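Below is one structure, written out as structure tokens, with a few remarks after it.
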Amino acid sequence: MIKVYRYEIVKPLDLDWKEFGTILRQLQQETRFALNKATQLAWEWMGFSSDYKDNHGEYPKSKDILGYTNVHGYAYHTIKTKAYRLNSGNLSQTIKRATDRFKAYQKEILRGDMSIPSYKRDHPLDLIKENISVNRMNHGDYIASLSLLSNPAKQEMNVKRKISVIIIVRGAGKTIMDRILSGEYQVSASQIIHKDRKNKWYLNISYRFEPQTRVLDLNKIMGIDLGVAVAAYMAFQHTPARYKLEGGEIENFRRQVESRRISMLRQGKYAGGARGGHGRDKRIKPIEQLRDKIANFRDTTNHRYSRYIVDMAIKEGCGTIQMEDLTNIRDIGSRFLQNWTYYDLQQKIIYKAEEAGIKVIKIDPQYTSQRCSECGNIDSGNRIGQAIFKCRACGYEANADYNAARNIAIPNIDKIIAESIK
Amino acid sequence: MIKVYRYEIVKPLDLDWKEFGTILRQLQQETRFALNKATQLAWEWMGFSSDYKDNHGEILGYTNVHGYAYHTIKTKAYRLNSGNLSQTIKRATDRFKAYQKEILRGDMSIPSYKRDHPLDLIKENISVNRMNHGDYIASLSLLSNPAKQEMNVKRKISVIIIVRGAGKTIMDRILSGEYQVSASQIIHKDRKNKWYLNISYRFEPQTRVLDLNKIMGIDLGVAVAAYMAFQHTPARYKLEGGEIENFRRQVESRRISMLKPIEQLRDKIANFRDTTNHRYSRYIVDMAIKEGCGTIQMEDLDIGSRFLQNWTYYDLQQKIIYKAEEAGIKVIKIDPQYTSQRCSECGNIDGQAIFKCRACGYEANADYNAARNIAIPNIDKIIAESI
DNA sequence: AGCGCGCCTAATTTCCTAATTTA
DNA sequence: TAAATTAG
RNA sequence: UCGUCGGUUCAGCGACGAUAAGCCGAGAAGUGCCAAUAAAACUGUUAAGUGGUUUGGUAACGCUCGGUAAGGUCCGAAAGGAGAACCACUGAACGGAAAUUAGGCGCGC
Ligand SMILES: [Mg+2]
Ligand SMILES: [Mg+2]
Ligand SMILES: [Mg+2]
Ligand SMILES: [Zn+2]
Numbered sequence: 001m002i003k004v005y006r007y008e009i010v011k012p013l014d015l016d017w018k019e020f021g022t023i024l025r026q027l028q029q030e031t032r033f034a035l036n037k038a039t040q041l042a043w044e045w046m047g048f049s050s051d052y053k054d055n056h057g058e059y060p061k062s063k064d065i066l067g068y069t070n071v072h073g074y075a076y077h078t079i080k081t082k083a084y085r086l087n088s089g090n091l092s093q094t095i096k097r098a099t100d101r102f103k104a105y106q107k108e109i110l111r112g113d114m115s116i117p118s119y120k121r122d123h124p125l126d127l128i129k130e131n132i133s134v135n136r137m138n139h140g141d142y143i144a145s146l147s148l149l150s151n152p153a154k155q156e157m158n159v160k161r162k163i164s165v166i167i168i169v170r171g172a173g174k175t176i177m178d179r180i181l182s183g184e185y186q187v188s189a190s191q192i193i194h195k196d197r198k199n200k201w202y203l204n205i206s207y208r209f210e211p212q213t214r215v216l217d218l219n220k221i222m223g224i225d226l227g228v229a230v231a232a233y234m235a236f237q238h239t240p241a242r243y244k245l246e247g248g249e250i251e252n253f254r255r256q257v258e259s260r261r262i263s264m265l266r267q268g269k270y271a272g273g274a275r276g277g278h279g280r281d282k283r284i285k286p287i288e289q290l291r292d293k294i295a296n297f298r299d300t301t302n303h304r305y306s307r308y309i310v311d312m313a314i315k316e317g318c319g320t321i322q323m324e325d326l327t328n329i330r331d332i333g334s335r336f337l338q339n340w341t342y343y344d345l346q347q348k349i350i351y352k353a354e355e356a357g358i359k360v361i362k363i364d365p366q367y368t369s370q371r372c373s374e375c376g377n378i379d380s381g382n383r384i385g386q387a388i389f390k391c392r393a394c395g396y397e398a399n400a401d402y403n404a405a406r407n408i409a410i411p412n413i414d415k416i417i418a419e420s421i422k
Numbered sequence: 001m002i003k004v005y006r007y008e009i010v011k012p013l014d015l016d017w018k019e020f021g022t023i024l025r026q027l028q029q030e031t032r033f034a035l036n037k038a039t040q041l042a043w044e045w046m047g048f049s050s051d052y053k054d055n056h057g058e065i066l067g068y069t070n071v072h073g074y075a076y077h078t079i080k081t082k083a084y085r086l087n088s089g090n091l092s093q094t095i096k097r098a099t100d101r102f103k104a105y106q107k108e109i110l111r112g113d114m115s116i117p118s119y120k121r122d123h124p125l126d127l128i129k130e131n132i133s134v135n136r137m138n139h140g141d142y143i144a145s146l147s148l149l150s151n152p153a154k155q156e157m158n159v160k161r162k163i164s165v166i167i168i169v170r171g172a173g174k175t176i177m178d179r180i181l182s183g184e185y186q187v188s189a190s191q192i193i194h195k196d197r198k199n200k201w202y203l204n205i206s207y208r209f210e211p212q213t214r215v216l217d218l219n220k221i222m223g224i225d226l227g228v229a230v231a232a233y234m235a236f237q238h239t240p241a242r243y244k245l246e247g248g249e250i251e252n253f254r255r256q257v258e259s260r261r262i263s264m265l285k286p287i288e289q290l291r292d293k294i295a296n297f298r299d300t301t302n303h304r305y306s307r308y309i310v311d312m313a314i315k316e317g318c319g320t321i322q323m324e325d326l331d332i333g334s335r336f337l338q339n340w341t342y343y344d345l346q347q348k349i350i351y352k353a354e355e356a357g358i359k360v361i362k363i364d365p366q367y368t369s370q371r372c373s374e375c376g377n378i379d385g386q387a388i389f390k391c392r393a394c395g396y397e398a399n400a401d402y403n404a405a406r407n408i409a410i411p412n413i414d415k416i417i418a419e420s421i
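First to last, the sequence lines map onto chains A and B.
Counting from 1, one number per residue, gives the positions in the first sequence under full-length UniProt numbering.
Just so we're aligned: the second sequence equals residues 1 to 58, 65 to 265, 285 to 326, 331 to 379, 385 to 421 in full-length UniProt numbering.
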């Protein structure tokens with residue numbers, strides 16, 4: 001398992017912030033240059049090999065023609081002369097991401113199902129495991145030594161050693177960094193991230209650890225039902241316990257955002273003079289800030305929602321979690337009327353349940369809210385979302401979200417519906 | 001000048017849909033090959049090629071990138087029409103030339119072209135005719151002479167397109183001669199499995215001339231800062247004071263927080298009213314210029334229950350009056366008595387969020403209802419007629 | 001007050017190298 | 001002696 | 001009402017800023033515009049027709065980069081001050097980056 005944590009950079013230990021910013025921006029420009037050029041060299045080789053096969057009947061050998069086993073070696077040999085400021089290790093890692101992206105989707109590129117990747121302006125600076133190192137001083141401060149320059153670059157920038165920075169290691173970041181220093185966690189390739197808001201640089205340390213999973217009974221299954229009145233309702237087949245996420249705070253957020261977003265757009269029709277004449281970024285600045293705010297709110301809401309769901313499973317001893325596969329369903333009449341980011345929520349559940357030893361299975365949500373959880377009679381007549389579920393034969397009434405949650409908690413439930421469609 | 005508008009293809013007139021679909025897919029495959037190969041040929045022509053291209057294994067006799075690419079691609083994409091093939095190659099080379107300096111610097115990788123790429127149709131290959139029975143037929147020339155012989159198509163391929171409302175207006179002028187076809191494309195959408203043919207037409211725009219018969223009406227309504235309406239046209243424009251409500255709450259917080286500071290706040294609030302008036306006046310005049318209305322009618326000049338509370342109303346009117354003169358428009362002041370209550374549709378004179391006539395039953399925003407009443411050239415006279 | 005924009009939002013996949021050798 | 005290079 | 005500082009996100013708190021949904025600078029990669037010039041391609045016996053290319057310049061642009069207010073101690077009459085140097089809370093979370101795709105909108109009227 002691999003996880004990432006962010007650490008804010010405060011000060012360069014031996015340089016000024018103005019000088020540090022100039023170095024970082026220059027290295028970012030080379031990273032963009034390396035990524036685009038590598039895809040150009042990869043795309044060029046793909047065309048040459050296709051042409052070579054037609055004229056000779058066999059694909060050419062990279063070693064014979066290109067001089068290297070893979071295009072990654074050839075890309076390094078060419079981009080190095082121009083991207084001479086980055087460290088060779090970081091440059092090689094940067095090039096590899098471009099070439100692997102092209103190699104992975106090469107078949108889709110030829111078939112026209114995907115475009116050639118093009119890389120934007122602000123790009124993270126790659127760091128290799130051996131290039132990053134972190135130490136704790138006696139006086140309780142954390143110093144990170146970064147290798148970000150090549151020998152020509154170090155000579156021209158007067159730097160003669162690692163460029164040290166101070167990172168705020170606090171809260172849950174202290175435990176992760178303490179385990180990295182001890183040796184339980186192993187640092188993998190990282191990157192340096194810059195955020196436009198607050199103008200802060202970050203150190204994106206990614207680390208490798210071994211999950212500690214307790215033996216949980218695999219016959220216990222918890223069902224997650226994205227309900228109508230309730231954001232998510234959880235139920236278990238063995239025990240009559242129920243949990244729910246009312247999602248009251250979600251409704252309040254969208255009301256303020258919808259009113260704000262509509263108002264901003266209308267003013268754009270008669271905005272100020274300086275609103276235009278300075279590019280696209282300035283003109284759409286008010287909406288970009290609003291769009292970023294919504295993205296951050298969903299990320300936090302999905303983070304706390306996934307944790308609550310997994311924690312409920314752990315308390316009840318469940319070893320299996322079943323949810324609805326949303327690939328087929330496209331009529332979102334659920335509580336998340338603002339088209340919530342369901343995929344981010346489901347991915348967060350998976351990787352947090354995997355860390356706890358629980359296995360996640362995606363059932364097909366068809367007639368799951370219509371079926372009765374007592375007698376199993378499936379009727380489409382009562383599909384009205386009446387906030388209640390009154391079976392005409394079982395005589396069992398319960399919350400519609402709760403009734404759907406029980407059905408998802410039954411093993412092989414979709415097949416049961418599949419065997420007897422109605 | 002040039003604008004685009006889709007026209008859904010109903011069915012092929014001469015051949016079956018199964019045959020037409022197979023034919024078009026063959027042409028679509030040649031379109032990608034022409035596009036992708038033209039990018040490779042332009043890459044070598046501009047000197048972007050690496051060493052191993054011209055050293056290991058593998065001037066040119068032509069003058070332009072398009073000329074070099076055309077002949078090389080023509081041998082394989084022999085089903086496409088010669089005229090359309092040139093257009094496909096041209097759009098490939100034009101993008102590369104526009105992006106030539108970006109790729110050399112390293113800001114863009116390589117132009118790419120998707121699978122279901124639209125087919126290019128030049129002028130002289132797409133004609134439209136309207137039959138005596140009202141069916142619109144568009145004849146498309148898509149196959150070259152070798153392709154026509156093999157596929158047993160002995161003339162131009164004809165298809166029927168839908169023309170409803172705005173589509174018929176443009177198409178009728180195309181047939182008349184006011185609008186001339188420039189280029190076209192056959193786009194395919196997988197959402198509905200339908201083929202679309204969009205026509206790019208060139209026309210000489212007509213500049214609206216100010217006439218003293220369209221009179222814009224402005225009402226300082228309760229729900230918005232102003233509402234603009236007209237009788238000749240059904241269009242409407244609104245000035246919502248969203249920024250004004252935020253600024254009022256800003257001023258309220260600052261006064262409590264500050265409890285010179287009052288003087289600076291008063292100076293700030295004075296400038297805000299001036300800046301908003303300038304933006305509002307310019308927008309008000311622009312919508313009259315856009316529709317060519319030669320007169321603006323606004324109620325003659331308290332705070333009342335209007336959305337703007339204790340605003341600099343007189344300053345707003347003067348800047349509207351002044352900016353109207355520069356455009357040739359003239360401003361007339363009208364008595365506002367019972368303007369909100371009078372019904373525009375029926376004229377009878379009688385909840386404030388949406389006005390509903392007792393007799394007519396017309397339901398609409400009261401701000402819009404008042405705005406239409408002011409638009410009448412002789413609204414002032416009929417106001418006292420009911421009295 | 002319809003039926004074409006361009007494009008935004010959400011969904012989706014991949015990745016998070018090492019071993020050797022100049023300096 | 002940490003930066004450079006290339007193979008699988 | 002929005003925003004800044006208190007390790008990140010979302011909430012409050014203490015202070016503060018706001019015409020900030022505001023005001024500006026430089027530059028020429030791209031789209032329009034102005035001068036000069038008229039290639040590729042196609043229909044063509046021809047005659048000739050469609051088509052709009054190339055080099056400069058300008059700076060209107062949802063052109064491209066950037067600047068601009070905001071915690072407390074401290075100096076400074078105050079403004080202002082060289083990311084000067086110290087100090088700064090409560091709750092719930094804490095796996096991130098890049099690329100791509102395809103649909104439904106909010107404008108469009
Ligand atoms: Mg649902
Ligand atoms: Mg906060
Ligand atoms: Mg905290
Ligand atoms: Zn039942």
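Yeah, the Cβ is synthetic: ideal placement off N, Cα and C, and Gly gets one too.
Using 8 Å as the threshold, is the region 347–366 of chain A in touch with the region 406–414 of chain A, meaning 3 or more CB pairs across them? By the C-beta criterion, the region 347–366 of chain A is judged to be in contact with the region 406–414 of chain A, since at least 3 inter-stretch pairs fall below 8 Å.
Test: B:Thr94 CB closer than 9 Å to a CB of chain A: Residue contact check for B:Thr94 against chain A: no CB pair falls below 9 Å.
Within chain B, the residues that A:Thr99 reaches when beta carbons sit closer than 7 Å: Contact of A:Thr99 with chain B by beta-carbon distance below 7 Å is absent, the smallest such distance being about 12 Å.
Residue-chain proximity (A:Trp43, chain B), Cβ-Cβ < 9 Å: Residue contact check for A:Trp43 against chain B: a CB pair falls below 9 Å.
Does the Cβ of A:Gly140 have 16 or more other Cβ atoms within 10 Å, making it buried, or fewer, making it exposed? With fewer than 16 other beta carbons inside 10 angstroms of its own, A:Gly140 counts as exposed.
Pair within 9 Å by beta-carbon distance, A:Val228 and A:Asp401: With respect to A:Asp401, A:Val228 sits close: the two C-beta atoms are nearer than 9 Å.
Secondary structure, alpha helix (DSSP H): runs of 4+ residues fully inside the region 97–175 of chain B: If we require 4 residues or more, the alpha helix (DSSP H) runs fully inside the region 97–175 of chain B come out as 106–111, 151–156.
Contact between the region 222–236 of chain A and the region 183–197 of chain A is defined here as three or more beta-carbon pairs at a separation below 8 Å; is this criterion met? Judged by Cβ distances under 8 Å, the region 222–236 of chain A makes no contact with the region 183–197 of chain A, as fewer than three pairs qualify.
So if DSSP puts B:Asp196 in a beta bridge, which residue, or which two residues, is it bridged to? In the DSSP secondary-structure assignment, B:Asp196 is not bridged to any residue.
Please classify A:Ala398 as buried or exposed, where buried requires at least 16 neighbouring CB atoms within 10 angstroms. A:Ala398 sits buried, since 16 or more C-beta atoms from the chains shown fall within 10 Å of its C-beta.
Is A:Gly381 near ligand 1, judged by its Cβ being under 8 Å from some heavy atom? Result no, Cβ not under 8 Å from ligand 1.
Measuring CB atoms only, is the region 122–129 of chain B touching the region 154–172 of chain B, in the sense that at least three cross pairs come out at less than 8 Å? Touching, no.
Option nearest A:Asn302 by Cα separation, candidates A:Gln267, A:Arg280, A:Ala231, A:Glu354: Of the candidates A:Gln267, A:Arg280, A:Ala231, A:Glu354, A:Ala231 places its Cα closest to the Cα of A:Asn302.
Would you mind sorting A:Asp414 into buried or exposed? The rule is 16 or more other CB atoms within 10 Å of its CB. Buried, because 16 or more other Cβ atoms sit within 10 Å of the Cβ of A:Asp414.
Would you kindly work out how many angstroms separate the C-alpha atoms of A:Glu419 and A:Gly376, rounded to a whole number? A:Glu419 and A:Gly376: Cα-Cα distance of roughly 12 Å.
Is A:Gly171 near ligand 3, in the sense that its beta carbon is under 8 Å from a heavy atom of that ligand? Judged by the Cβ position, A:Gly171 qualifies as a neighbour of ligand 3 at the 8 Å threshold, a heavy atom of the ligand being closer than this.
In chain B, what lies closer than 8 Å to A:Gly47 by C-beta? In chain order: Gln40.
Is any heavy atom in ligand 4 found nearer than 8 Å to the beta carbon of B:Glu30? Answer for B:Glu30: no, Cβ out of range of ligand 4.
Mind listing the chain B neighbours of A:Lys37? Cutoff is C-beta to C-beta under 7 Å, in chain order. Counting only Cβ-Cβ distances below 7 Å, A:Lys37 has contacts in chain B at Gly112, in chain order.
Can you find a heavy atom of ligand 4 that lies under 8 Å from the Cβ of A:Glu397? The answer is no for A:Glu397.
Check for me: the beta strand (DSSP E) holding B:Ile321 runs from which residue to which? Unbroken beta strand (DSSP E) run through B:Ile321: 318–324.
Do you know offhand how far B:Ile321's Cα is from B:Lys359's? One alpha carbon belongs to B:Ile321, the other to B:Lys359, and they sit about 6 Å apart.
List in chain order the residues whose CB is within less than 6 Å of at least one heavy atom of ligand 1. Ordered along the chain, residues surrounding ligand 1 are A:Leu226, A:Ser334 [Cβ under 6 Å from any heavy atom].
Straight-line CA distance for B:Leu218 to B:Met312? CA-CA distance, B:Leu218 to B:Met312, rounds to 15 Å.
What is the C-beta distance between B:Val215 and B:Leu13, in whole angstroms, given that I count them as a contact (C-beta under 8 Å)? That pair is no contact at about 44 Å.
In DSSP terms, what B:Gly223 is bridged to: Per the DSSP secondary-structure output, B:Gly223 pairs in a beta bridge with B:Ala235, B:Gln322.
Beta-carbon proximity list for A:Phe336, same chain, < 6 Å, skipping 5 on both sides: Closer than 6 Å at Cβ, skipping near neighbours: no residue.
For A:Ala241, does the count of other Cβ atoms within 10 angstroms reach 16, so buried, or fall short, so exposed? Here A:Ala241 is exposed, its C-beta having fewer than 16 other C-beta atoms within 10 Å.
Name the chain B residues that come within less than 7 Å of residue 423 of chain A, Cβ to Cβ? The requested residue 423 of chain A does not occur in the structure, where chain A is confined to residues 1 to 422.
Since A:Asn131 and A:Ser147 are thought to touch, with beta carbons under 8 Å apart, how far apart are those beta carbons, to the nearest angstrom? At roughly 4 Å, the Cβ-Cβ gap stays under 8 Å, so A:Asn131 and A:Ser147 are in contact.
Chain B contact residues for residue 431 of chain A, given Cβ-Cβ distances below 7 Å: There is simply no residue 431 of chain A to check, as chain A begins at 1 and stops at 422 in what is shown.
Apart from the five residues on each side of it in sequence, which residues of its chain come closer than 7 Å, Cβ to Cβ, to A:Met157? The residues are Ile23, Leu149.
Output the boundary residues of the beta strand (DSSP E) element that contains A:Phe389. Here the beta strand (DSSP E) through A:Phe389 covers 388–390.
Give me the Cα-Cα distance between A:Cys318 and A:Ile294, rounded to the nearest whole angstrom. Taking the straight line from one Cα to the other gives about 33 Å.
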